[PDB]
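Quick heads-up: it's one chain on its own, the form deposited without ligand STL, in structure tokens.
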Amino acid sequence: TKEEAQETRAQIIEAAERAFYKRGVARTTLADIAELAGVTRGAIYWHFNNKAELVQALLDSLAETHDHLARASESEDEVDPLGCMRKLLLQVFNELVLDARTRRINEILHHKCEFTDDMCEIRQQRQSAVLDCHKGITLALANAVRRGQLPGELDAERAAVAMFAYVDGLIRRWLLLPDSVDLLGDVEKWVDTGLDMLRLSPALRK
């Protein structure tokens, strides 16, 4: 009845994430996710071609929550684009630490999903995603410079890589050793340590 297909998909997705978190992506099959989703076998192949399409869905969903701050950080009309970036990072960290779903998915993508020459689509998927994410980050920086919020001579793309790298690295750290990083208690410091890298670093300028 249409709501069926929609809820069945979410039912697959939510079970892909249980399976993947437990067994890793490499040895979990579509068929195993279907049996776990309590979904008639053949169903899973209507909603997802391979396992990679299913991992990509998990990764795309991570973007939903942050679309608004992200899209604001990227709008030239935006008044406080570095202000939106800041609140974006805050939120990314808050969700990471607060949201079981979000954390599970990051743990899957960071620590439970091999890139194989076998399943080439996985790596490629990640590449395209990190590249999209990079375009986004570079824009917002470009906006923050234009508004006089970042150094005028900042290298927008290098500062983006720098920034993504520190955020991506911190997330992985916290996922591996949670109790070494008060990610939530000290968010502001963590977000600011990084934004501090972007507006105060001489290396990062041209």
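All residue numbers refer to positions in the sequence shown, first residue = 1.
Below, we turn to the form solved in complex with ligand STL, even though it does not appear here.
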| property | result |
| --- | --- |
| Full three-residue contact with ligand STL in the entry with it bound, heavy atom 4.5 Å, for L62, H110 and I171 | yes |
| Ligand STL contact in the entry with it bound: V181, any heavy atom under 4.5 Å | no |
| Any non-hydrogen atom of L150 within 4.5 angstroms of ligand STL in the entry with it bound | no |
| Any non-hydrogen atom of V39 within 4.5 angstroms of ligand STL in the entry with it bound | no |
| Close approach of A142 to ligand STL in the entry with it bound, 4.5 Å, heavy atom | no |
| Stretch from 31-39, 163-171, 47-55, 150-158 whose residues place a heavy atom within 4.5 Å of ligand STL in the entry with it bound | 163-171 |
| Neighbours of ligand STL in the entry with it bound among 135-151 [non-hydrogen atom within 4.5 angstroms] | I137 |
